[PDB]
file my_file.cif (mmCIF, N, CA and C atoms and all ligand atoms)
data_protein
#
loop_
_atom_site.label_atom_id
_atom_site.label_comp_id
_atom_site.auth_asym_id
_atom_site.auth_seq_id
_atom_site.Cartn_x
_atom_site.Cartn_y
_atom_site.Cartn_z
N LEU G 7 33.56 26.33 131.81
CA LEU G 7 33.47 27.81 131.65
C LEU G 7 33.35 28.38 133.06
N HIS G 8 33.57 29.68 133.21
CA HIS G 8 33.53 30.33 134.51
C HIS G 8 32.78 31.66 134.41
N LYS G 9 31.86 31.92 135.34
CA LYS G 9 31.13 33.19 135.35
C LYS G 9 31.93 34.28 136.08
N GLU G 10 31.79 35.52 135.63
CA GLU G 10 32.49 36.66 136.23
C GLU G 10 31.50 37.81 136.33
N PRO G 11 31.63 38.66 137.36
CA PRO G 11 30.73 39.80 137.54
C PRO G 11 31.02 40.90 136.54
N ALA G 12 29.98 41.66 136.20
CA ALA G 12 30.08 42.80 135.28
C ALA G 12 29.02 43.78 135.74
N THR G 13 29.09 45.01 135.26
CA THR G 13 28.14 46.04 135.64
C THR G 13 27.53 46.64 134.38
N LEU G 14 26.20 46.71 134.34
CA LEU G 14 25.50 47.26 133.18
C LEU G 14 25.76 48.75 133.04
N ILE G 15 26.10 49.20 131.85
CA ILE G 15 26.30 50.63 131.64
C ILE G 15 25.14 51.11 130.78
N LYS G 16 24.89 50.42 129.68
CA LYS G 16 23.83 50.83 128.78
C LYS G 16 23.42 49.71 127.84
N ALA G 17 22.12 49.42 127.78
CA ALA G 17 21.60 48.39 126.90
C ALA G 17 21.43 49.06 125.54
N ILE G 18 22.05 48.53 124.49
CA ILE G 18 21.93 49.14 123.17
C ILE G 18 20.78 48.59 122.37
N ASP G 19 20.80 47.30 122.10
CA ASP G 19 19.70 46.68 121.37
C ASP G 19 19.51 45.28 121.92
N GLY G 20 18.83 44.41 121.18
CA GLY G 20 18.57 43.07 121.67
C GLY G 20 19.78 42.21 122.02
N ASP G 21 20.89 42.38 121.31
CA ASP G 21 22.05 41.52 121.54
C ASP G 21 23.40 42.20 121.78
N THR G 22 23.39 43.52 121.94
CA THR G 22 24.62 44.27 122.15
C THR G 22 24.41 45.27 123.27
N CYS G 23 25.40 45.41 124.14
CA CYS G 23 25.30 46.32 125.28
C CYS G 23 26.68 46.80 125.71
N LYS G 24 26.71 47.78 126.60
CA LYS G 24 27.96 48.31 127.10
C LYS G 24 28.03 47.89 128.57
N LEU G 25 29.14 47.30 128.97
CA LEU G 25 29.29 46.85 130.34
C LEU G 25 30.67 47.24 130.86
N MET G 26 30.75 47.35 132.18
CA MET G 26 32.00 47.65 132.87
C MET G 26 32.50 46.27 133.25
N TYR G 27 33.67 45.90 132.73
CA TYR G 27 34.24 44.59 132.99
C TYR G 27 35.71 44.76 133.35
N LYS G 28 36.14 44.16 134.45
CA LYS G 28 37.55 44.23 134.88
C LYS G 28 37.98 45.68 135.01
N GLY G 29 37.06 46.54 135.42
CA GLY G 29 37.39 47.93 135.58
C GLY G 29 37.28 48.76 134.31
N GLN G 30 37.18 48.12 133.14
CA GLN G 30 37.09 48.87 131.90
C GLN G 30 35.76 48.77 131.17
N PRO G 31 35.26 49.91 130.64
CA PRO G 31 33.99 49.93 129.90
C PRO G 31 34.20 49.31 128.52
N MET G 32 33.26 48.48 128.10
CA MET G 32 33.38 47.87 126.79
C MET G 32 32.06 47.33 126.32
N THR G 33 31.90 47.25 125.00
CA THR G 33 30.66 46.73 124.44
C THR G 33 30.74 45.21 124.30
N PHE G 34 29.63 44.56 124.62
CA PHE G 34 29.53 43.12 124.57
C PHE G 34 28.48 42.72 123.53
N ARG G 35 28.67 41.55 122.95
CA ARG G 35 27.78 40.98 121.95
C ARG G 35 27.49 39.55 122.43
N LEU G 36 26.22 39.18 122.46
CA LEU G 36 25.81 37.86 122.91
C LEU G 36 26.27 36.75 121.96
N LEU G 37 26.89 35.72 122.51
CA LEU G 37 27.34 34.57 121.73
C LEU G 37 26.17 33.70 121.23
N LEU G 38 26.34 33.16 120.03
CA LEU G 38 25.40 32.24 119.38
C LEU G 38 24.02 32.71 118.97
N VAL G 39 23.76 34.01 119.03
CA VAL G 39 22.44 34.48 118.66
C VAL G 39 22.45 35.75 117.82
N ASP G 40 21.28 36.04 117.26
CA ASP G 40 21.09 37.24 116.48
C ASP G 40 19.68 37.75 116.65
N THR G 41 19.54 38.89 117.33
CA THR G 41 18.24 39.53 117.47
C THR G 41 18.17 40.42 116.23
N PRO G 42 16.95 40.75 115.77
CA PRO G 42 16.83 41.60 114.57
C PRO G 42 17.43 43.01 114.72
N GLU G 43 17.90 43.51 113.58
CA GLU G 43 18.55 44.81 113.46
C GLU G 43 17.62 46.00 113.66
N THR G 44 18.18 47.05 114.25
CA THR G 44 17.46 48.30 114.49
C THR G 44 18.34 49.51 114.14
N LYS G 45 19.61 49.26 113.81
CA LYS G 45 20.56 50.33 113.51
C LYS G 45 21.07 50.42 112.08
N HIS G 46 21.89 49.46 111.68
CA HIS G 46 22.49 49.47 110.35
C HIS G 46 21.47 49.62 109.23
N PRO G 47 21.51 50.75 108.50
CA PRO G 47 20.59 51.03 107.40
C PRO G 47 20.56 49.93 106.32
N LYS G 48 21.68 49.24 106.14
CA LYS G 48 21.77 48.15 105.17
C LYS G 48 20.68 47.10 105.45
N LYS G 49 20.38 46.88 106.73
CA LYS G 49 19.34 45.93 107.12
C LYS G 49 18.07 46.67 107.54
N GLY G 50 18.22 47.93 107.93
CA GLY G 50 17.09 48.73 108.37
C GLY G 50 16.51 48.18 109.66
N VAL G 51 15.28 48.57 109.97
CA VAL G 51 14.61 48.09 111.18
C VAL G 51 13.82 46.83 110.82
N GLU G 52 14.42 45.68 111.11
CA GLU G 52 13.82 44.39 110.83
C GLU G 52 12.73 44.05 111.83
N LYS G 53 11.82 43.15 111.43
CA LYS G 53 10.71 42.74 112.29
C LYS G 53 11.16 42.12 113.60
N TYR G 54 10.61 42.63 114.69
CA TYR G 54 10.91 42.17 116.05
C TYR G 54 12.19 42.77 116.68
N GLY G 55 12.93 43.55 115.89
CA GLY G 55 14.14 44.19 116.40
C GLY G 55 13.83 45.03 117.62
N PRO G 56 12.81 45.91 117.57
CA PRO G 56 12.45 46.76 118.71
C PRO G 56 11.96 45.94 119.89
N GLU G 57 11.22 44.88 119.58
CA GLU G 57 10.68 43.99 120.60
C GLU G 57 11.83 43.33 121.36
N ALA G 58 12.83 42.84 120.64
CA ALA G 58 13.99 42.21 121.24
C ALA G 58 14.72 43.20 122.14
N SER G 59 14.92 44.43 121.65
CA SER G 59 15.59 45.47 122.43
C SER G 59 14.88 45.69 123.75
N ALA G 60 13.56 45.83 123.70
CA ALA G 60 12.78 46.08 124.90
C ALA G 60 12.85 44.92 125.87
N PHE G 61 12.81 43.69 125.35
CA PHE G 61 12.87 42.49 126.20
C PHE G 61 14.22 42.44 126.93
N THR G 62 15.30 42.59 126.18
CA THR G 62 16.64 42.59 126.74
C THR G 62 16.78 43.71 127.77
N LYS G 63 16.27 44.89 127.41
CA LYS G 63 16.32 46.07 128.27
C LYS G 63 15.62 45.87 129.61
N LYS G 64 14.40 45.35 129.59
CA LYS G 64 13.69 45.12 130.84
C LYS G 64 14.47 44.09 131.67
N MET G 65 14.67 42.92 131.07
CA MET G 65 15.37 41.82 131.70
C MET G 65 16.60 42.23 132.49
N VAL G 66 17.43 43.07 131.90
CA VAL G 66 18.66 43.47 132.55
C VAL G 66 18.61 44.72 133.41
N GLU G 67 17.59 45.55 133.23
CA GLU G 67 17.51 46.78 134.02
C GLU G 67 17.10 46.55 135.46
N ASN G 68 16.41 45.44 135.71
CA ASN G 68 15.95 45.12 137.06
C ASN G 68 16.73 44.02 137.74
N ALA G 69 17.84 43.63 137.13
CA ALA G 69 18.69 42.58 137.67
C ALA G 69 19.53 43.09 138.82
N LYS G 70 19.63 42.27 139.86
CA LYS G 70 20.44 42.58 141.03
C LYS G 70 21.89 42.31 140.64
N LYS G 71 22.12 41.23 139.90
CA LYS G 71 23.48 40.91 139.48
C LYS G 71 23.64 40.36 138.04
N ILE G 72 24.68 40.85 137.37
CA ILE G 72 24.99 40.44 136.02
C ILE G 72 26.36 39.74 135.99
N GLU G 73 26.43 38.64 135.23
CA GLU G 73 27.65 37.88 135.08
C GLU G 73 27.90 37.57 133.61
N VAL G 74 29.17 37.58 133.22
CA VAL G 74 29.56 37.27 131.85
C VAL G 74 30.35 35.96 131.88
N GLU G 75 30.14 35.14 130.87
CA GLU G 75 30.81 33.84 130.80
C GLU G 75 31.37 33.68 129.40
N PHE G 76 32.70 33.70 129.30
CA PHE G 76 33.37 33.55 128.02
C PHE G 76 33.40 32.09 127.62
N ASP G 77 33.45 31.83 126.31
CA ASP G 77 33.53 30.45 125.85
C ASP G 77 35.02 30.06 125.80
N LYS G 78 35.35 28.91 125.22
CA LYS G 78 36.74 28.46 125.17
C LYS G 78 37.63 29.01 124.05
N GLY G 79 37.06 29.75 123.11
CA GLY G 79 37.85 30.31 122.03
C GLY G 79 38.12 31.79 122.27
N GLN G 80 38.24 32.57 121.20
CA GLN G 80 38.50 34.00 121.32
C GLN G 80 37.43 34.74 122.13
N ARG G 81 37.86 35.78 122.83
CA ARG G 81 36.98 36.53 123.70
C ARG G 81 36.40 37.81 123.15
N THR G 82 36.89 38.25 121.99
CA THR G 82 36.39 39.46 121.35
C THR G 82 36.20 39.15 119.87
N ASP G 83 35.34 39.91 119.20
CA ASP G 83 35.17 39.72 117.76
C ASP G 83 36.04 40.77 117.05
N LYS G 84 36.00 40.79 115.72
CA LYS G 84 36.80 41.72 114.93
C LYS G 84 36.53 43.20 115.24
N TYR G 85 35.34 43.49 115.76
CA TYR G 85 34.93 44.85 116.12
C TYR G 85 35.37 45.21 117.52
N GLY G 86 36.08 44.29 118.17
CA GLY G 86 36.55 44.52 119.52
C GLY G 86 35.50 44.32 120.60
N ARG G 87 34.36 43.71 120.27
CA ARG G 87 33.29 43.47 121.25
C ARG G 87 33.51 42.15 121.99
N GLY G 88 33.32 42.17 123.31
CA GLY G 88 33.48 40.96 124.10
C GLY G 88 32.39 39.97 123.72
N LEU G 89 32.77 38.71 123.55
CA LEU G 89 31.86 37.63 123.17
C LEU G 89 31.56 36.77 124.40
N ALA G 90 30.32 36.81 124.88
CA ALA G 90 29.98 36.02 126.06
C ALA G 90 28.54 35.56 126.17
N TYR G 91 28.32 34.67 127.13
CA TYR G 91 26.98 34.21 127.46
C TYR G 91 26.76 35.14 128.66
N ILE G 92 25.69 35.91 128.66
CA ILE G 92 25.46 36.84 129.74
C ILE G 92 24.24 36.48 130.56
N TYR G 93 24.43 36.45 131.88
CA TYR G 93 23.38 36.08 132.83
C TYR G 93 22.86 37.25 133.65
N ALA G 94 21.54 37.30 133.84
CA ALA G 94 20.90 38.33 134.64
C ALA G 94 20.24 37.53 135.75
N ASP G 95 20.83 37.62 136.94
CA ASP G 95 20.37 36.89 138.10
C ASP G 95 20.26 35.40 137.81
N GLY G 96 21.34 34.85 137.27
CA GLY G 96 21.40 33.43 136.98
C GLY G 96 20.62 32.96 135.79
N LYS G 97 20.00 33.88 135.06
CA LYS G 97 19.23 33.54 133.88
C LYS G 97 19.95 34.02 132.62
N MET G 98 20.31 33.07 131.75
CA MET G 98 21.02 33.38 130.52
C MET G 98 20.19 34.19 129.53
N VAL G 99 20.64 35.41 129.27
CA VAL G 99 19.93 36.27 128.35
C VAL G 99 19.88 35.67 126.95
N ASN G 100 21.00 35.11 126.50
CA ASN G 100 21.06 34.53 125.15
C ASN G 100 19.92 33.52 124.97
N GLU G 101 19.73 32.65 125.97
CA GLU G 101 18.69 31.63 125.90
C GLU G 101 17.27 32.19 126.01
N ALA G 102 17.09 33.19 126.87
CA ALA G 102 15.78 33.80 127.06
C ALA G 102 15.21 34.41 125.78
N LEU G 103 16.08 35.01 124.97
CA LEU G 103 15.65 35.64 123.72
C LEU G 103 15.21 34.58 122.71
N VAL G 104 16.00 33.53 122.58
CA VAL G 104 15.70 32.43 121.68
C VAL G 104 14.38 31.76 122.12
N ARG G 105 14.20 31.50 123.41
CA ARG G 105 12.98 30.87 123.92
C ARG G 105 11.73 31.67 123.58
N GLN G 106 11.87 32.99 123.48
CA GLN G 106 10.75 33.88 123.15
C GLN G 106 10.56 34.09 121.64
N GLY G 107 11.42 33.50 120.82
CA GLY G 107 11.30 33.70 119.39
C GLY G 107 11.69 35.12 119.04
N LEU G 108 12.64 35.70 119.78
CA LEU G 108 13.11 37.08 119.52
C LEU G 108 14.55 37.07 119.00
N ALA G 109 15.09 35.88 118.82
CA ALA G 109 16.45 35.70 118.32
C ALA G 109 16.53 34.31 117.69
N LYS G 110 17.45 34.16 116.74
CA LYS G 110 17.68 32.89 116.07
C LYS G 110 19.09 32.49 116.48
N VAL G 111 19.40 31.20 116.48
CA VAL G 111 20.76 30.75 116.81
C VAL G 111 21.56 31.09 115.55
N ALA G 112 22.64 31.84 115.71
CA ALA G 112 23.46 32.24 114.58
C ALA G 112 24.91 32.44 114.99
N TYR G 113 25.75 32.60 113.98
CA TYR G 113 27.18 32.84 114.16
C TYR G 113 27.85 31.79 115.02
N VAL G 114 27.62 30.53 114.66
CA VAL G 114 28.20 29.44 115.42
C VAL G 114 29.63 29.17 114.97
N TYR G 115 30.59 29.75 115.66
CA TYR G 115 31.99 29.57 115.30
C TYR G 115 32.78 28.76 116.31
N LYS G 116 33.24 27.59 115.88
CA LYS G 116 34.04 26.71 116.73
C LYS G 116 35.27 27.49 117.16
N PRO G 117 35.74 27.32 118.40
CA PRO G 117 35.20 26.44 119.45
C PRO G 117 34.29 27.18 120.43
N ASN G 118 33.74 28.32 120.02
CA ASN G 118 32.85 29.11 120.88
C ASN G 118 31.41 28.65 120.69
N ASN G 119 31.15 27.38 120.94
CA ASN G 119 29.80 26.86 120.75
C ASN G 119 29.39 25.89 121.84
N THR G 120 29.95 26.07 123.04
CA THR G 120 29.64 25.18 124.15
C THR G 120 28.16 25.02 124.46
N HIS G 121 27.38 26.10 124.48
CA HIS G 121 25.94 26.01 124.79
C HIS G 121 25.06 25.98 123.56
N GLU G 122 25.62 25.55 122.43
CA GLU G 122 24.87 25.50 121.18
C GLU G 122 23.65 24.59 121.19
N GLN G 123 23.77 23.39 121.75
CA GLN G 123 22.63 22.46 121.77
C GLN G 123 21.51 22.96 122.68
N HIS G 124 21.90 23.53 123.82
CA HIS G 124 20.94 24.10 124.77
C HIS G 124 20.09 25.16 124.03
N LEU G 125 20.75 26.09 123.35
CA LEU G 125 20.06 27.14 122.61
C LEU G 125 19.24 26.57 121.45
N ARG G 126 19.77 25.53 120.81
CA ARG G 126 19.08 24.86 119.69
C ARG G 126 17.73 24.30 120.18
N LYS G 127 17.75 23.64 121.34
CA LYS G 127 16.54 23.06 121.88
C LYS G 127 15.50 24.11 122.27
N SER G 128 15.94 25.29 122.74
CA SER G 128 14.99 26.34 123.09
C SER G 128 14.44 27.03 121.84
N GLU G 129 15.25 27.11 120.79
CA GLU G 129 14.79 27.70 119.53
C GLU G 129 13.72 26.79 118.89
N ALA G 130 13.95 25.48 118.98
CA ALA G 130 13.02 24.47 118.46
C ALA G 130 11.66 24.63 119.15
N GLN G 131 11.67 24.84 120.46
CA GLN G 131 10.44 25.03 121.22
C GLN G 131 9.73 26.31 120.81
N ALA G 132 10.48 27.39 120.63
CA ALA G 132 9.90 28.67 120.22
C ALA G 132 9.28 28.52 118.82
N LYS G 133 9.92 27.73 117.98
CA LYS G 133 9.44 27.48 116.63
C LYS G 133 8.10 26.75 116.69
N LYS G 134 8.07 25.64 117.44
CA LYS G 134 6.84 24.86 117.57
C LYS G 134 5.68 25.65 118.18
N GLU G 135 5.98 26.60 119.05
CA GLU G 135 4.93 27.43 119.65
C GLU G 135 4.57 28.63 118.76
N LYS G 136 5.22 28.71 117.59
CA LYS G 136 5.02 29.80 116.62
C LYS G 136 5.21 31.17 117.25
N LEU G 137 6.28 31.33 118.01
CA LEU G 137 6.53 32.59 118.70
C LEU G 137 7.28 33.65 117.91
N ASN G 138 6.73 34.86 117.91
CA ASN G 138 7.32 36.04 117.28
C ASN G 138 7.99 35.81 115.92
N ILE G 139 9.31 35.69 115.89
CA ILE G 139 10.05 35.46 114.65
C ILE G 139 9.48 34.26 113.89
N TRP G 140 8.95 33.29 114.62
CA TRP G 140 8.39 32.09 114.03
C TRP G 140 6.88 32.14 113.89
N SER G 141 6.28 33.30 114.13
CA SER G 141 4.84 33.40 114.05
C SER G 141 4.33 33.37 112.61
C1 LIG G 201 27.98 36.76 117.64
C2 LIG G 201 29.23 37.11 116.77
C3 LIG G 201 29.24 38.03 115.81
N1 LIG G 201 30.28 38.11 114.89
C4 LIG G 201 30.28 39.04 113.72
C5 LIG G 201 29.73 38.42 112.51
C6 LIG G 201 29.11 39.61 111.79
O1 LIG G 201 30.14 40.34 111.08
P1 LIG G 201 29.71 41.35 109.90
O2 LIG G 201 29.26 42.60 110.51
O3 LIG G 201 30.99 41.47 109.20
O4 LIG G 201 28.67 40.59 109.22
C7 LIG G 201 28.56 40.51 112.93
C8 LIG G 201 27.10 40.27 113.40
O5 LIG G 201 26.79 41.09 114.55
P2 LIG G 201 25.51 42.02 114.63
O6 LIG G 201 24.30 41.15 114.75
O7 LIG G 201 25.75 42.82 115.85
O8 LIG G 201 25.50 42.75 113.37
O9 LIG G 201 29.48 40.21 114.00
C9 LIG G 201 31.46 37.50 115.10
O10 LIG G 201 32.49 37.82 114.52
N2 LIG G 201 31.47 36.58 116.09
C10 LIG G 201 30.43 36.30 116.95
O11 LIG G 201 30.56 35.40 117.77
CA CA G 202 21.88 41.46 115.75
#
call {"tool": "encode", "arguments": {"input": "my_file.cif", "output": "structure tokens"}}
result
Amino acid sequence: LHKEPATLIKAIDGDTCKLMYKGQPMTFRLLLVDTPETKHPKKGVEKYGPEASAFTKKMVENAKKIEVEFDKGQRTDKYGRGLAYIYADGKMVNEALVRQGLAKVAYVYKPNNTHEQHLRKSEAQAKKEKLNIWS
């Protein structure tokens, strides 16, 4: 995989944001994870959704540099959102949320699952420590 620079435009919630990539503004969705919902009324405001948003928001608002890393399969989902592993100063946001028990590993679609085991191992640790979602 290869990392590429991006510019933060607006953090939406725990796992979705707007970034300037390749000169064009677009919304991104974190690969392999799911932070709780805060928008869609069908799900309503789920437990830890606000917490995840705030964590993602802080993490990325103070970053000197942001990079996006696409997996080996499709780069956008059906909603037109870019699918990537996103790093804030070399720290993978997808993994940081799972490690805190603020996201579960989800939507594992081959072949976009390169860092699946890494995330699995951090989710297991968050579970054993009874963190947030696992509390
Ligand atoms: C992470 C991710 C989400 N999705 C889809 C599955 C879900 O579709 P449906 O909306 O049809 O259920 C939705 C979950 O994203 P949200 O957590 O943003 O809702 O996005 C993909 O298509 N591929 C992905 O890699
Ligand atoms: Ca979500």
call {"tool": "closest_residue", "arguments": {"input": "my_file.cif", "among": "G:68, G:8, G:108, G:94", "to": "residue 55 (chain G)", "atoms": "only N, CA and C atoms"}}
result
G:108
call {"tool": "atom_distance", "arguments": {"input": "my_file.cif", "atom1": "atom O9 of ligand LIG 201 (chain G)", "atom2": "CA of residue 128 (chain G)"}}
result
22.0 Å
call {"tool": "residues_around", "arguments": {"input": "my_file.cif", "residues": "residue 18 (chain G)", "least_positions_apart": "3", "cutoff": "8 Å", "atoms": "all atoms listed in the file", "output": "JSON, numbers by chain"}}
result
{"G": [15, 21, 22, 23, 24, 59, 60, 62, 63]}
call {"tool": "closest_atom_pairs", "arguments": {"input": "my_file.cif", "of": "chain G", "to": "ligand CA 202 (chain G)", "cutoff": "6.5 Å", "atoms": "all atoms listed in the file", "output": "Markdown table"}}
result
| residue | atom | partner | partner_atom | distance |
| --- | --- | --- | --- | --- |
| G:21 | N | G:CA202 | CA | 5.7 |
| G:39 | C | G:CA202 | CA | 6.1 |
| G:40 | CA | G:CA202 | CA | 4.4 |
| G:41 | N | G:CA202 | CA | 3.8 |
| G:42 | C | G:CA202 | CA | 4.8 |
| G:43 | N | G:CA202 | CA | 5.0 |
call {"tool": "residues_around", "arguments": {"input": "my_file.cif", "residues": "residue 117 (chain G)", "least_positions_apart": "5", "cutoff": "9 Å", "atoms": "only C-alpha atoms", "output": "list in words"}}
result
residues 77, 78, 79 and 80 of chain G
call {"tool": "closest_residue", "arguments": {"input": "my_file.cif", "among": "G:129, G:57, G:134, G:99", "to": "residue 112 (chain G)", "atoms": "only C-alpha atoms"}}
result
G:129
call {"tool": "residues_around", "arguments": {"input": "my_file.cif", "residues": "residue 113 (chain G)", "least_positions_apart": "3", "cutoff": "8 Å", "atoms": "all atoms listed in the file", "output": "tab-separated table (two decimals) with N, CA and C atoms, in the coordinates of the input"}}
result
chain	number	residue	atom	x	y	z
G	37	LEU	N	26.89	35.72	122.51
G	37	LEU	CA	27.34	34.57	121.73
G	37	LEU	C	26.17	33.70	121.23
G	38	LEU	N	26.34	33.16	120.03
G	38	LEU	CA	25.40	32.24	119.38
G	38	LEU	C	24.02	32.71	118.97
G	39	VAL	N	23.76	34.01	119.03
G	39	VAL	CA	22.44	34.48	118.66
G	39	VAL	C	22.45	35.75	117.82
G	40	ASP	N	21.28	36.04	117.26
G	40	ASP	CA	21.09	37.24	116.48
G	40	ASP	C	19.68	37.75	116.65
G	110	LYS	N	17.45	34.16	116.74
G	110	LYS	CA	17.68	32.89	116.07
G	110	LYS	C	19.09	32.49	116.48
G	116	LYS	N	33.24	27.59	115.88
G	116	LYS	CA	34.04	26.71	116.73
G	116	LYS	C	35.27	27.49	117.16
G	118	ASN	N	33.74	28.32	120.02
G	118	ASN	CA	32.85	29.11	120.88
G	118	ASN	C	31.41	28.65	120.69
G	119	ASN	N	31.15	27.38	120.94
G	119	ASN	CA	29.80	26.86	120.75
G	119	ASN	C	29.39	25.89	121.84
call {"tool": "select_by_dssp", "arguments": {"input": "my_file.cif", "residues": "chain G", "states": "strand (DSSP E or B)", "output": "PyMOL selection string"}}
result
chain G and resi 9-17+22-27+30-36+39-40+72-76+82+88-94+97-98+110-111
call {"tool": "residues_around", "arguments": {"input": "my_file.cif", "residues": "residue 137 (chain G)", "least_positions_apart": "3", "cutoff": "7 Å", "atoms": "only N, CA and C atoms", "output": "list in words"}}
result
residues 106, 107, 108, 131, 132, 133, 134, 140 and 141 of chain G
call {"tool": "select_by_dssp", "arguments": {"input": "my_file.cif", "residues": "chain G", "states": "helix (DSSP H, G or I)", "output": "ChimeraX atom specification"}}
result
/G:55-67,99-105,122-134,138-140
call {"tool": "closest_residue", "arguments": {"input": "my_file.cif", "among": "G:100, G:123, G:30, G:13", "to": "ligand LIG 201 (chain G)", "atoms": "only C-alpha atoms and all ligand atoms"}}
result
G:100
call {"tool": "closest_residue", "arguments": {"input": "my_file.cif", "among": "G:82, G:138, G:33, G:120", "to": "ligand LIG 201 (chain G)", "atoms": "only N, CA and C atoms and all ligand atoms"}}
result
G:82
call {"tool": "axis_aligned_box", "arguments": {"input": "my_file.cif", "around": "ligand LIG 201 (chain G)", "padding_each_side": "5 Å", "output": "JSON"}}
result
{"center_x": 28.4, "center_y": 39.1, "center_z": 113.5, "size_x": 18.2, "size_y": 17.4, "size_z": 18.6}
call {"tool": "closest_residue", "arguments": {"input": "my_file.cif", "among": "G:64, G:47, G:53, G:88", "to": "residue 25 (chain G)", "atoms": "only C-alpha atoms"}}
result
G:88
call {"tool": "closest_residue", "arguments": {"input": "my_file.cif", "among": "G:90, G:51, G:104, G:69", "to": "residue 35 (chain G)", "atoms": "all atoms listed in the file"}}
result
G:90
call {"tool": "residues_around", "arguments": {"input": "my_file.cif", "residues": "residue 12 (chain G)", "least_positions_apart": "2", "cutoff": "10 Å", "atoms": "only C-alpha atoms", "output": "PyMOL selection string"}}
result
chain G and resi 9-10+14-15+25-31+71-74+92-93
call {"tool": "atom_distance", "arguments": {"input": "my_file.cif", "atom1": "atom C of residue 139 (chain G)", "atom2": "atom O1 of ligand LIG 201 (chain G)"}}
result
21.7 Å
call {"tool": "atom_distance", "arguments": {"input": "my_file.cif", "atom1": "CA of residue 84 (chain G)", "atom2": "atom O6 of ligand LIG 201 (chain G)"}}
result
12.5 Å
call {"tool": "build_atoms", "arguments": {"input": "my_file.cif", "residues": "region 26-37 of chain G", "atoms": "N, CA, C and O atoms", "output": "compact mmCIF listing (two decimals), in the coordinates of the input"}}
result
# COMPACT_ATOMS: atom_id res chain seq x y z
N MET G 26 30.75 47.35 132.18
CA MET G 26 32.00 47.65 132.87
C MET G 26 32.50 46.27 133.25
O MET G 26 31.83 45.52 133.98
N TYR G 27 33.67 45.90 132.73
CA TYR G 27 34.24 44.59 132.99
C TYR G 27 35.71 44.76 133.35
O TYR G 27 36.42 45.46 132.64
N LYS G 28 36.14 44.16 134.45
CA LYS G 28 37.55 44.23 134.88
C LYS G 28 37.98 45.68 135.01
O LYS G 28 39.11 46.04 134.68
N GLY G 29 37.06 46.54 135.42
CA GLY G 29 37.39 47.93 135.58
C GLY G 29 37.28 48.76 134.31
O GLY G 29 37.26 49.98 134.39
N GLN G 30 37.18 48.12 133.14
CA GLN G 30 37.09 48.87 131.90
C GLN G 30 35.76 48.77 131.17
O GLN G 30 35.15 47.70 131.10
N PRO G 31 35.26 49.91 130.64
CA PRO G 31 33.99 49.93 129.90
C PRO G 31 34.20 49.31 128.52
O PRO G 31 35.21 49.54 127.86
N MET G 32 33.26 48.48 128.10
CA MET G 32 33.38 47.87 126.79
C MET G 32 32.06 47.33 126.32
O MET G 32 31.17 47.05 127.13
N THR G 33 31.90 47.25 125.00
CA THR G 33 30.66 46.73 124.44
C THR G 33 30.74 45.21 124.30
O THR G 33 31.81 44.64 124.01
N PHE G 34 29.63 44.56 124.62
CA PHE G 34 29.53 43.12 124.57
C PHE G 34 28.48 42.72 123.53
O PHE G 34 27.55 43.47 123.25
N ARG G 35 28.67 41.55 122.95
CA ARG G 35 27.78 40.98 121.95
C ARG G 35 27.49 39.55 122.43
O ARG G 35 28.41 38.82 122.81
N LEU G 36 26.22 39.18 122.46
CA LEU G 36 25.81 37.86 122.91
C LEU G 36 26.27 36.75 121.96
O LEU G 36 26.11 36.87 120.75
N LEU G 37 26.89 35.72 122.51
CA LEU G 37 27.34 34.57 121.73
C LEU G 37 26.17 33.70 121.23
O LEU G 37 25.16 33.53 121.93
